[PDB]
Each structure stands twice: as structure tokens, then as C-alpha cells.
Amino acid sequence: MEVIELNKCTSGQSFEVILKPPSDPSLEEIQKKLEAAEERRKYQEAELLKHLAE
Amino acid sequence: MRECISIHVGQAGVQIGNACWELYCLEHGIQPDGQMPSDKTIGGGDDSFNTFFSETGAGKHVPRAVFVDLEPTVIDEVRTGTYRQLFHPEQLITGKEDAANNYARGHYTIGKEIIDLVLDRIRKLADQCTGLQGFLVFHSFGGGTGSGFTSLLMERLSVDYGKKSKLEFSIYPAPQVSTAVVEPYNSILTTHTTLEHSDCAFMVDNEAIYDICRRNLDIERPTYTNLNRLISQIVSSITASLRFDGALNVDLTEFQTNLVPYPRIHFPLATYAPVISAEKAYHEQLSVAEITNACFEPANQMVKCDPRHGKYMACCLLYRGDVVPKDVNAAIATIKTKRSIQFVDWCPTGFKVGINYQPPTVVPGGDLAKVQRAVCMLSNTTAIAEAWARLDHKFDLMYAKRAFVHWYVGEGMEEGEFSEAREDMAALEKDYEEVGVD
Amino acid sequence: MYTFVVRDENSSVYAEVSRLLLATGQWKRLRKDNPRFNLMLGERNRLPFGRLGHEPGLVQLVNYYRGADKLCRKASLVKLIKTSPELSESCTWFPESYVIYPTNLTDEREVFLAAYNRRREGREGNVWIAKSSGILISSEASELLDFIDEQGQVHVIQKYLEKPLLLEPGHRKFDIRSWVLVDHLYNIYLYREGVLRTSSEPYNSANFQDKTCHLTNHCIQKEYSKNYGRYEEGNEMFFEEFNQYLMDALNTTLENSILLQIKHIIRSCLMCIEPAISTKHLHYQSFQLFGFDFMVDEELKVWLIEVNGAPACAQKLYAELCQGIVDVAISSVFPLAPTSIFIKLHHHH
Amino acid sequence: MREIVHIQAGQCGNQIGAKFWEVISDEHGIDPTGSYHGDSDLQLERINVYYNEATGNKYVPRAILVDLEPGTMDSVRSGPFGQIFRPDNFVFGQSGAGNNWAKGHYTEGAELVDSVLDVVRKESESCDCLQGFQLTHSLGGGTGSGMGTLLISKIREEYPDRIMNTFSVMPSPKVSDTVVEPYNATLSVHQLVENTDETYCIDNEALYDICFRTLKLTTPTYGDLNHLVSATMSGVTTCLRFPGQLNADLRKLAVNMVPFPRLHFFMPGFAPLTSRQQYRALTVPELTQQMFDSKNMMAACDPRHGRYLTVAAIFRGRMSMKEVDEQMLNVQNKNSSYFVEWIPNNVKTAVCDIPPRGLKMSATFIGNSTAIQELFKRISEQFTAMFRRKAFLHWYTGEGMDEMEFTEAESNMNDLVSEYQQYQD
Ligand SMILES: Nc1nc2c(ncn2[C@@H]2O[C@H](COP(=O)(O)OP(=O)(O)OP(=O)(O)O)[C@@H](O)[C@H]2O)c(=O)[nH]1
Ligand SMILES: Nc1ncnc2c1ncn2[C@@H]1O[C@H](COP(=O)(O)OP(=O)(O)CP(=O)(O)O)[C@@H](O)[C@H]1O
Ligand SMILES: Nc1nc2c(ncn2[C@@H]2O[C@H](COP(=O)(O)OP(=O)(O)O)[C@@H](O)[C@H]2O)c(=O)[nH]1
Ligand SMILES: [Ca+2]
Ligand SMILES: [Ca+2]
Ligand SMILES: [Ca+2]
Ligand SMILES: [Mg+2]
Ligand SMILES: [Mg+2]
Ligand SMILES: [Mg+2]
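Protein chains in written order, with PDB author numbering: chain E, 6 to 28, 44 to 74; chain A, 1 to 438; chain F, 1 to 105, 125 to 152, 159 to 362, 371 to 382; chain B, 1 to 42, 45 to 278, 281 to 360, 369 to 437.
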């Protein structure tokens, strides 16, 4: 039961008590994912329009 | 002095953000018009509260915050509300139509078209900072914006602000206050793509906040206002060290250093006490031992789970009010002899304690009663993995039938992103079990 | 209308409880994976406790205490007794035991050999028994350890009661099974009816190789013993007969000579782990039936052998006990539209 | 500003649509001349969802009235709230459709459709952020069925990402006009399967049995039947027209009600339904029991014969929201065998403080149940009884259709029936 690193100031204080010792995607890559998904949306909408054109 | 930028995403993030900045202002003596009488340095200063507030020549203290929502009705409340004068219009960003509770819609369809604008508005806040620490990101798991757009924003923030910390306040989905059935999908989709970008995330389960409001505050059917005012007390207790003079958790990096020894396991459990009803005749003021002992009761955890059957990796005690170090240790010793507190062997069995002499501020007319002392315990338990298990199970039930999947595929997302995200969660559950179980 | 689910089809006990529940007309059974339930008759291993108590407007109850395995596991029990100050290492009602890990994997190998060498030098009885979760009784430490190394799981070595109480006629060993029910309020209820699983073979102290007179298990006596069912039907004596025997022979009652120690042991073990497994302030509730096994020596001293977390019942007592489970464990939380069969062991929570 | 464009087509569609605007115009305080005269700001908070605001504070419904003959729409123009409709939004021909799907879809309807879309486009161009469309029509006639689905097809072509909702009256031999109604309904259902996000299946026999057995109307009229549909349409749209802690958005309702794109046919219900013992107060339990009673549902399908994929419930009036949650959880927790277990928490509830006209409180039911397959089975059986003898086909082959298009509609609906069957097991 030890207290360490006791720091005190006008608005409070803080310390540490020890009870026992122990024993990314680049900017270019993110644009590809966004544009890839937008392209799959365009393809699905084109098939719908093509279907409606038939 | 180093600045922190807060980002509120979606309805949950924006409304919770509303309650926090309302509370911050009351805590720092800032009026709704931005003026701060106690601030003796007009139009400048490097005081602790300046990490969250900037200052104009006219003496206005402006939050370092951005509010983002794909639909305008929630942020319109901010524009005409009590604190409409705090923020300027550039800080409030709203689209025309929301993500319809569809992760894919917020992340891809709509997010792609507004992400560059959001980064530009954040870059403007960054340009006012002499030493930006990082970001605090508020959002829900269940919403299409809170889930899908947030994960997109986090990816870009890692690109534009590499060396900056990012912490989260995430609302875990609870059916009692949700008419959305696809939230398990969204929760797991946003956890998978945000995991590598968030240094530390504080999950709040609406189920837990809901039952605290009914049990402690005697609210029969709590509202978002009730829930948010309570959540903003926990948030304030967590961010107090950044806004007030102190030596514990003085910068965002310290949260990871003190609470996250392993990167993927960065979801500390929050526990808060006491929560007393203002309508009560008059409550007996609880002692340091009693409020500290309450930190190990499941009934006041932000996530219902049993820490007795997990292991602790870290543990912080954040006290506010009349608390001296002598009494804290007297309560800790009394609790080690009664409670089942099991630490991982590769971690010290101890507690970092912070004490702020200013007691919790309560919103006038709010639900919470003024207390002489309060504590918030941040502990990294493997027991919080119960929430991942509950959520992953609901995911598996719907995905086994592909229910609602077409809504996501129809927005340009591939079906393989589901299993890819689910397999990551299965690995996350495995990491917890390797650390906690024997 | 109350709802429950059955996730352990092999449980004879809760198969009858489910039968009784449906017979009331006020309980309805659901598929084993339906989450909207009041009561879960859960599985033995890997019961998903984390998914309980998260259904809005449902008070959920389960028939197992999360964390009770610490008491119902051979190795766990030893560790619990030696490390818990409530029980202490000097616990007088539990045989001297040690945890021994096979050499192909802390471990108490050296601690055991020290106490062993002490008994060997002091002319004292030095007969131990090795078991785990396949039993070996020997008086040589070399055989006990070599036997565990040939396996691949943890084991425990404890003093073998060389002076057991022998029923007459027969000169035969036995053990006592006590069923204990712990409800959601952590009341400890001891079923008024116990059973003695007796050996139909005369106890032989100079031959531990033939384990038919040393192991009183109902399956060993009914498979390897040649006198099964001679003295009592199914090698199962009930308290009425056993009590009458203790009076005719030993001029004492079962309550005084044995039952006091049994109730004391049950209380000590269950009160010890109460802070770790209590569901008092938990989002769900638990109860559990336990099977305590006791040994009685010739001095009328009771020793604790083990605790079973999923025990079966004697065929003659299924109806009474299963009905008692519904009364104090299920209906107490989910009431329906005596002279209790249990003995409430009061204690301080 | 989440505007909805309303379209009503044919006799049934315009008479039901007329009453709909009559009911909600009353709820929002709009008089027959479009002038507001209510007393609560709640009435105007979401008023632009269904109304356009003209000069002088005049509110004009965002509705388009379509028919292939003039009679029905002259009645509307002369009806109670006839003057409230924008005169330009009356689009009609003179030929009629002879209860013939082919005439509404391919010949007569095709000549008129472009001019309808011109008005639709005009209404959309004045929407700050168009939320989607709703159509009222029957499936047993010619205009609402044939031209109605033709309009849906062209609307989805021009607004592919907008939500398309229909209130579709399903024919029944007991409340029948002509024998060819199964032909027109089978042909329409396939269109709806492909091109709508939500279809509220309203069965005329269910409406009839309710008026006769429950409301004790000795001789029901179409008028009486339409009163039930008005009240039901007002209930389901309460989410959109008034404020509440729920942020109901057409696409959000669809996202949480439709787990599979083709299974978007709903069973609507309403409670209370009281004969004239009409002043009695209705407790929350009674409201909830009735709302889940099959006799209160308007698809004439027994929900106990299937399982609910999803359920949405709207409670109206000043009541115990706590007591609402209790009774709703009681209904699920007492009959969980009729809800699929692979869609967790699939029963959602919304509350609204403003009750309907003349009621302290009410409850509207929206069920996505696999029992709806019974409704498509009836139609399919009636279709095949005639089609196997090619009876009455000349009315359709005379308009350019071929028998093959009938065989394909037949197979399309038997597939829909099969799809509901696999999710019921
Ligand atoms: N605690 C709390 N939770 C909220 C609040 N608002 C919404 N939620 C929760 O958030 C989830 C719904 O997501 P939202 O944040 O409303 O959706 P969104 O982020 O705006 O995304 P959209 O789909 O575009 O609307 C549900 O689980 C709600 O319970 C709030 O103000 N406080
Ligand atoms: N230390 C000891 N001294 C004397 N006998 C012992 C003993 N340990 C075990 N036994 C004998 O072994 C039998 C019980 O063995 P144990 O309970 O360890 O195995 P087990 O758990 O598979 C049986 P169950 O769980 O069904 O009660 C008793 O009949 C007893 O006679
Ligand atoms: N509920 C209701 N059903 C109607 C009404 N008018 C017609 N129907 C039904 O609709 C079908 C006839 O379609 P109808 O609308 O008259 O043909 P259309 O004008 O060419 O679209 C039949 O099944 C009728 O029973 C009405 O006013 N109310
Ligand atoms: Ca200053
Ligand atoms: Ca990073
Ligand atoms: Ca012509
Ligand atoms: Mg939103
Ligand atoms: Mg055993
Ligand atoms: Mg007609």
C-alpha cells in the first residue's frame, strides 16, 4: 500500500497507489474504396434503367 | 497549453454534445453569450480551459467543436437554442437527408460527398491551435451517420493528423430507446473500420443509462434529455483533467498510457456515483468510502457487466469535490479486502487517483442533485467484452439469413464487408478471452 | 404466463422441474435459442451468462451461479481452501490436499513430498489418493506422481482416510451425499433427505489395488462389486435407516454425530464465495443445486470430499426435491396464481 | 422539409384518397378552402410534409388526381374538401378503362401518362427535399391497377432513389365489381413486387367483415369501407405528420420494416373499432389486445398462420407511455412463437400525443407477416380458375396483350408465395 507521484495544486491533487507489483490506408487508397462503391451503385442503377428500358 | 477539438456526429453525438458544452459553460463560468467574467485576459490566454475554448477580441469564448449531421433538424435546435451564440455558423454542418440508419449510406453514398467539407471546417479549427492534442469524437453506434460517417471521418483524420490522438464517446445500442432493427449491423461495421483509428473509446450502453435514470432519478420513462444530462456528467468527469489545472490525464496521450496497455483493447469501463434525484426531500451525503465502494457495483456502470469475472488491466479514480488522498486510500484498502479485483499478471495492481476540489456542477432544473463529492472510475476490464458478445450474437442471427443486407449492398457496399467486419470482432472477443480467462 | 428454455437435455433433475413447471399450466416452454425467457435451465459448460438480463421488461433467472465452478472443481477447491482466509490452510474438515500438474505442462509437487517424507519418517499412516476431473490409491509417492505424469490434466493428491467409519454388518465403507439449494437471495437450503452411497464389499486396508471396497461410487459398486444391493437396495441407505443404526450401535443420533458438521461445512464453503458469485445487485438472478460429498471416519468426524455443481438425485427423492426447487427457487421469483422440505442455514450476508 | 408527393388513381383510388385528405386536413386544422384554423403549433410543425404553402397562408395538398374517365373526379371536385385540391392537378381522360388492366397500362393509360408525370415533376421541383411518393388505388379495376402501376414504373425510372409507397385495395369476390378482378390484381402485384418499397395490402372482404361483424353495419357501402381506410392511412402516417421523439423518415421506416426487397407487403390494422357503447374509454391493455387481434386487421389474413418479420405500432393520445411499453412487451412475451427469432427486437412502438378526431386514444398496426401469403394464394387460385379455361382473356388480347404475359404473372406470384413460405419455416 504505497503512494507515489503526489502532485498538489490549488484546484486539486493527484497521486498513484500501488497494492502489488506485476509478475493505415493512404489518402489515395481511401478514394479508391469510395469510388469503387460509387461505381457499384452506378452499375446497379444502370441495370435497373436497362431493365426499365426493356 | 494544447488544444482539443470535439466532433459530434449524428443525432446522438450532437444532442450529447449539446449537454456537454452546456455543462462545460456552467463549470467554467461561461455565459450563453460566450462572455467569461472571471477570465482576466481579454481575447487570449493559455489557461487550462482554453484547451476547449478559444477567445475573440470581443471576449467571447468559443468552443473548439464541430457538429456534423446529414440532416438539419437536430442541429437546428443548436442554432436557435440557449447557446446559439457560443458557436458560429461554420461550426454547424448539416446535410439535406440522413443515412436512414444505413451504415453504407452514411459511409459511402452521402459521406463521400460531404467528407471534404467537414475536413475543411475542422482544418479551420486546427489552424487556431498552437499545439493540437487530438480529437474527441461523439457518435452513436446505431445511427447511419453516427456509424458510417464517423468511421469515414476517423480514417481521414488519421491521414490529415497522423500524430494526433483520437478518443471516442460511443453510444451502444439499446432496444428500449430505439426503433431501429439494423443497429447491430451498423455497430459492428463502424467498430471494424474505426478500431485501428481510435486510441481510446468510452462506450455508454443506453440500457445502462436508461435504468439509472429510472432507479436513481425515479424517471418512469426517461427521455434523451434525461439520458444526455447524465451522460454529460460522466463525460465532464472524464475530460475535467484536460480543462482544469492538474497532473493526471493532462493530455489525450495520457488516456492511452494509463488505460490501454494493449491497442485493440481500448474500451475502458466507466462507473459513476453518486446519482441522486433532485426531487428527493434531502439525501444523506455519501462518504469517500461509500462512493468509491459504489464504483464496483454493476448498477452504476455505463455498461452492464460483471467485472468480478474479468481481469483489470488499468484503473483510474477521478474524484470531484471534498476528497483528500487520506480518505481515498482508506476506502481502497477496505475494498480490496471485500471485492474480487483481479488484475492481469503483466500489469501492476494499483490505482491512479485524480482529485478536483470543485464538486460536480448540476444544470439548473436538471434531474441530478448537488452532491458534496463524486467519483468516476475508468477501469479496463475484460468483462466489458460481454457487450461485444451480446452485440455479435444479434449480428449473427440476422446475417445468417442476410436480412436487410440488400439495403447496404444497394448503397455500393460489398457483402464481404459484413463477414470481414464480423471476423474482426471474433478476433476482438478472442483477445479479451486470452487476457481475462485462464 | 411465465416462459422458460431448456438447454441441458441430459439433466435428470431439471427434466423433472420442467415437467412440473408445465404441469402447473402457468409456465410455457420455448425453443432453446429464444431470448425472451423468464427462466433458463442452462447448459453445464460455457453457459452464456453475459447475454442474461438484457431483455426489456423481462425478469430473467438462471439455474447456475456464475463463478461457482471455483467450488465444484477438484483443483479449484484446493486452491480456494488454501488461499481463502475464511477456510485457511489449517481447515480441519478437509483432507490435506495438494495440486499437482503433470511434468508435460502453481504446482505443489515439492510441498507434497515434504509432508510425505514427514509422515514416512514418523511411522504414521501414509496412504494418499490421486484423482482429477481414473483413480489411484497407493502408499508410495513414486506411484502417485508417475501415474499423473502419464496423463495430461491437472490432478490433486489428498490424504486417504485410512480409518473410515464402517457400517455393520459388512465392515464396508460409504459416503454421504447432501443436496443443497441456494436461491437468488443467497439463502442456503439443505434438503432434509440425504443418501449414503455404501460399498457392498468389506473394507480391506492391506490391498488398495482392488478399488471396489475403497470407492463408494454408485457406478463402481454396480459394475465391479459382487455384493451390489445385498444390505440395502442399490447401495443407498437413507437417513431414517442410518439414523436408527447410529442409535442401536453408537448410541447417538445423525443430527448430533454428523449433521452438525455437515451443515457447518456447507455454510463455510458457500459463505466464502458469496461475494464473488452473489447476484444480489446483478441485472439477472441465479440459483443452483449443489451435491456435497462427505466422508465420516471412525471418530465420527466429517470430512469434505468434493462439491458437485450439477448433481443427480436418488430415484426415491426426485419428486420431493424437484418440487422443492420449484417452490423456493422458481416460484419465489415467479409466483403462481408445509412444513418445508429444506433446512434453512441462517447466516450473515 | 421532407415533402411527400401523393397520387390517387381511378375510382377507388380517388374516393379513398379524397377521404384521406379529408381526415388529415381536419387533424392539421386545414378547412375546405385551405385556410388554417387550429389551435396547436404541433398541427403546423410538419405541415409541409403533405401540403404546399401558397399566398395568403393557404395550404394546398401535394396531391395528384388521376383517372381515365371524369365522373369520379367531378365528384371529388364537388365533394366536401373538393375546392382544396389544386385545379391543375386533376389529370383525366374520357375513354375509361373498362376494368381492364391492359387499357390502363398499355393503351388508354399510355396516352395519358406523360401529362400526369408532368404534374408529378412540377410538384417535385417545388420540394426542398423530396422524401418520396405514395399512391392510393385498387388492384381489381383498370385505371388504378393498370395505369397506377404504369405510373409507378415511370416514377421509379425518373426518381430511382426515392421511396415509393402504395395503399393497394385487393379485390375480393364477396365485394366484387367484375369477374376479371383476379386478372388485374395478379398483373398489378408483379409490378408492385418490383417497384414499391412498401405496399399496405387492404382487402375489401376484411373491410366488409369489419363493417358488418364488428361495426354492426347492416348494409355496408363503399363509403363505410373507405372510412376505415382513411382512419388507417391517417394512423400509419402519424409518424410523418406530427413531431415526436422518433425521427420517422420514409426511408427509415422501409429500412427497418423490409428485410428482403420483395417482402414489403404489410398488414395494416386499427383500434378501436366500435359500433354505435361508443363513448367508453379504452385502456391501454384493451387497445393493445385489439390491435393484435386478427379481426382488427385489413388484409383478411390470419397472423397465427404465419410469423411476423417486423412490426410497427403507433399509439395516439395522452396515455401512460410506461404502460404502453408494458403491454407491448406483454404481447410479444406471451406469443413469441409468431415472431421470427432471427430479427432481434423486431417490434417497434411509437407514441403521438394528438389523438384522431373523436377519439381519446387509438393504435395503428403495421405488420410485415408471412401470413400475407394467404392473400396472394386466394388471388392466384381465382386467377387460375379462369385462366385454365382462358375465360375473359379476349378483353386483354384485344388490347395487344398475349397469353404468355399472363402465364408469367401467374408464375411471378406463385414465386412470391413460395418466398413467403421459406421464411415461415
Ligand atoms: N443516449 C442517447 N442516445 C441517442 C440519442 N439520439 C439517438 N440515440 C441513439 O442512437 C441510435 C440511433 O442513431 P442516431 O444517432 O439517432 O442516428 P444518426 O447518427 O443521426 O444517423 P442517421 O441514420 O442518418 O439519422 C439509437 O440507438 C438511439 O437510442 C441521444 O440523444 N442520446
Ligand atoms: N481422501 C479420501 N479418503 C478416503 N476416500 C476417498 C478420498 N477421496 C475419495 N475417496 C473415495 O472416492 C469416492 C468419491 O470420489 P470422488 O468424489 O473424488 O470422485 P467423483 O467426483 O467422480 C464421485 P461423485 O462426483 O459422483 O461424488 C468416495 O466414495 C470415497 O470413498
Ligand atoms: N374500398 C373501396 N373499394 C373500391 C371502391 N371502388 C371500387 N373499389 C374496388 O376496386 C375494384 C374496382 O376498381 P376501380 O377503382 O373501380 O377501377 P378503376 O377506376 O378503373 O381503377 C373492385 O375490386 C372494387 O371492389 C371504393 O370506393 N372503396
Ligand atoms: Ca483569456
Ligand atoms: Ca492513427
Ligand atoms: Ca385514343
Ligand atoms: Mg439522424
Ligand atoms: Mg464429481
Ligand atoms: Mg369502378
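Each residue gets a CB set at the ideal place from its N, CA and C atoms; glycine is no exception.
Ends of the alpha helix (DSSP H) at residue 148 of chain B?
Counting from one through the fourth sequence, the residue named residue 148 of chain B turns up at place 146. Per DSSP, residue 148 of chain B belongs to no alpha helix (DSSP H) and is neither H nor E.
With respect to 8 Å, is the separation between the Cβ of residue 145 of chain A and the closest non-hydrogen atom of ligand 7 below this value?
Within the second sequence, numbered from 1, the residue matching residue 145 of chain A stands at position 145. Yes, ligand 7 has a heavy atom inside 8 Å of this Cβ.
Answer with yes or no whether the minimum CB distance from residue 162 of chain B to chain E is below 9 Å.
Within the fourth sequence, numbered from 1, the residue matching residue 162 of chain B stands at position 160. Residue contact check for residue 162 of chain B against chain E: a CB pair falls below 9 Å.
Along the chain, where does the alpha helix (DSSP H) containing residue 237 of chain B start, and where does it finish?
Walking along the fourth sequence from the start, residue 237 of chain B turns up at place 235. Segment 224-238, the alpha helix (DSSP H) holding residue 237 of chain B.
Tell me which residues of the stretch 45-74 of chain E have at least one Cβ-Cβ distance to chain B shorter than 8 Å, keeping chain order.
Only those residues of the stretch 45-74 of chain E whose C-beta falls short of 8 Å from the nearest C-beta of chain B are listed: 65, 68, 69 and 72.
Compute every distance between the C-beta of residue 328 of chain F and the non-hydrogen atoms of ligand 2, then say whether any falls below 8 Å.
Working through the third sequence from its first residue, we reach residue 328 of chain F at position 303. Yes, the Cβ of residue 328 of chain F comes within 8 Å of a heavy atom of ligand 2.
Confirm the yes/no value for this check: CB of residue 40 of chain A, any heavy atom of ligand 4, distance under 8 Å.
Walking along the second sequence from the start, residue 40 of chain A turns up at place 40. Yes, Cβ of residue 40 of chain A sits closer than 8 Å to a heavy atom of ligand 4.
For residue 269 of chain F, the three-state DSSP class (helix, strand or coil)
Looking up residue 269 of chain F in the third sequence gives position 244. Residue 269 of chain F sits in a helix when the DSSP states are folded into three classes.
Whether residue 93 of chain F touches residue 290 of chain F by CB criterion (9 Å)
Here residue 93 of chain F is taken as the residue at index 93 of the third sequence, counted from 1. Here residue 290 of chain F is taken as the residue at index 265 of the third sequence, counted from 1. Contact flag set, yes.
Using a Cβ-Cβ cutoff of 7 Å, what residues of the stretch 63-87 of chain F are near chain A? List them in chain order.
Going along the stretch 63-87 of chain F in chain order, one finds 66 and 67 with a Cβ nearer than 7 Å to chain A.
What is the rounded straight-line gap between the Cα of residue 302 of chain F and the Cα of residue 316 of chain F?
Looking up residue 302 of chain F in the third sequence gives position 277. Looking up residue 316 of chain F in the third sequence gives position 291. When rounded, the distance between both Cα atoms is 17 Å.
Are the beta-carbon atoms belonging to residue 137 of chain A and residue 154 of chain A less than 9 Å from one another?
Start at 1 with the first residue of the second sequence, and residue 137 of chain A comes out as number 137. Start at 1 with the first residue of the second sequence, and residue 154 of chain A comes out as number 154. In this structure, the beta-carbon distance from residue 137 of chain A to residue 154 of chain A falls below 9 Å.
Could you name the residues of chain E that residue 155 of chain B contacts, counting a contact when the two beta carbons are closer than 8 Å?
Residue numbering aside, residue 155 of chain B sits at position 153 when the fourth sequence is read from its first letter. Those are 72, listed as they occur along chain E.
Where DSSP assigns a beta bridge to residue 168 of chain B, which residues make up the other side?
Position 166 of the fourth sequence, counted from the start, is the residue given in the question as residue 168 of chain B. Residue 168 of chain B pairs with B:137 and B:201.
Going along the stretch 22-37 of chain F in order, which residues come within less than 8 Å of chain B, judged by CB to CB distance?
So the list reads 30, 31, 33, 34, 35 and 36, given in the order they occur along the chain.
Examine chain E for any beta-carbon lying closer than 9 Å to the beta-carbon of residue 192 of chain A, and answer yes or no.
Translated into positions along the second sequence, residue 192 of chain A becomes position 192. Judged by the 9 Å Cβ criterion, residue 192 of chain A is not in contact with chain E.
Should residue 51 of chain F be flagged as near chain A, meaning a C-beta pair shorter than 9 Å?
Taking the first residue of the third sequence as position 1, residue 51 of chain F is located at position 51. Taking Cβ atoms only, chain A reaches closer than 9 Å to residue 51 of chain F, which makes this a yes.
So is residue 363 of chain F in contact with chain A if we call contact Cβ pairs under 9 Å?
As shown, the structure holds no coordinates for residue 363 of chain F; chain F passes over it, running from 362 to 371.
So for residue 204 of chain F, helix, strand or coil by DSSP?
Along the third sequence, read from residue 1 onward, the residue named residue 204 of chain F stands at position 179. Residue 204 of chain F: strand per DSSP, three-state reduction.
Assign residue 223 of chain A to buried or exposed, taking buried as 16 or more other Cβ atoms, counted over all protein chains shown, within 10 Å of its Cβ.
Residue 223 of chain A sits at position 223 when you count from the first residue of the second sequence. Around the beta carbon of residue 223 of chain A, fewer than 16 other beta carbons sit within 10 angstroms, so the residue counts as exposed.
Which listed residue (B:48, B:32, B:47 and B:28) has its alpha carbon closest to that of residue 38 of chain B
Looking up residue 38 of chain B in the fourth sequence gives position 38. Comparing alpha carbon positions, the residue from B:48, B:32, B:47 and B:28 closest to residue 38 of chain B is B:28.
Under 8 Å, with one C-beta from each stretch per pair, do the stretch 228-235 of chain F and the stretch 312-326 of chain F reach the 3-pair mark?
No, the stretch 228-235 of chain F does not touch the stretch 312-326 of chain F.
Of all the residues that make up the stretch 207-225 of chain A, which are near chain F by a beta-carbon distance shorter than 7 Å?
Residues passing the 7 Å Cβ filter: 207.
Ligand 2 heavy atoms versus the CB of residue 320 of chain F: any closer than 8 Å?
One-based indexing of the third sequence puts residue 320 of chain F at position 295. Answer for residue 320 of chain F: yes, Cβ within range of ligand 2.
Own chain partners of residue 125 of chain B with C-beta closer than 6 Å, once the 5 adjacent residues on each side are dropped
The residue given as residue 125 of chain B occupies position 123 in the fourth sequence. Annotation for residue 125 of chain B: 5 and 64 place their beta carbon closer than 6 Å to its own, counting only its chain and skipping 5 residues before and after.
Spatial distance of residue 232 of chain A from residue 16 of chain A (CA atoms):
Residue numbering aside, residue 232 of chain A sits at position 232 when the second sequence is read from its first letter. Residue numbering aside, residue 16 of chain A sits at position 16 when the second sequence is read from its first letter. In this structure, the CA atom of residue 232 of chain A is about 7 Å from the CA atom of residue 16 of chain A.
From the DSSP output, in three-state form, read off residue 395 of chain B for me.
Counting from 1 along the fourth sequence, the entry for residue 395 of chain B is found at position 383. For residue 395 of chain B, the three-state secondary structure derived from DSSP is helix.
Measuring CB atoms only, is the stretch 203-220 of chain A touching the stretch 270-286 of chain A, in the sense that at least three cross pairs come out at less than 8 Å?
Cβ pair count under 8 Å is three or more, so yes.
Do residue 206 of chain A and residue 257 of chain B count as a contact pair if the criterion is CB distance below 9 Å?
Locating residue 257 of chain B in the fourth sequence gives position 255, counting from the first residue. Locating residue 206 of chain A in the second sequence gives position 206, counting from the first residue. Judged by beta-carbon spacing, residue 206 of chain A lies beyond the 9 Å limit of residue 257 of chain B, meaning their Cβ atoms are not closer than that value.
Where do the N-terminal and C-terminal ends of the alpha helix (DSSP H) with residue 343 of chain F fall, by residue?
In the third sequence, counting from the first residue as 1, residue 343 of chain F sits at position 318. It spans 343-350 - the alpha helix (DSSP H) in which residue 343 of chain F sits, taken as one unbroken run.
Examine the Cβ distances between the stretch 198-211 of chain F and the stretch 229-249 of chain F and report whether three or more of them are shorter than 8 Å.
Judged by Cβ distances under 8 Å, the stretch 198-211 of chain F makes contact with the stretch 229-249 of chain F, as three or more pairs qualify.
Residue range of the beta strand (DSSP E) that residue 63 of chain A falls in?
In the second sequence, counting from the first residue as 1, residue 63 of chain A sits at position 63. Run containing residue 63 of chain A: 61-63, per the beta strand (DSSP E) assignment.
Specify, as a first and last residue, the run of the beta strand (DSSP E) that residue 247 of chain A falls within.
Counting from 1 along the second sequence, the entry for residue 247 of chain A is found at position 247. For residue 247 of chain A, no beta strand (DSSP E) encloses it, and the DSSP letter there is neither H nor E.
Of the residues that make up the stretch 318-337 of chain A, which ones have a beta carbon closer than 7 Å to any beta carbon in chain E?
Here the close residues are 325, 329, 332, 333 and 336.
Residue 346 of chain A in three-state terms, based on DSSP:
Taking the second sequence and counting its residues from 1, one reaches residue 346 of chain A at position 346. Coil at residue 346 of chain A, not helix or strand.
Indicate whether at least one CB of chain B lies closer than 9 Å to the CB of residue 262 of chain F.
For this step, residue 262 of chain F is matched to residue 237 along the third sequence. Interface with chain B (9 Å Cβ-Cβ cutoff): residue 262 of chain F is excluded.
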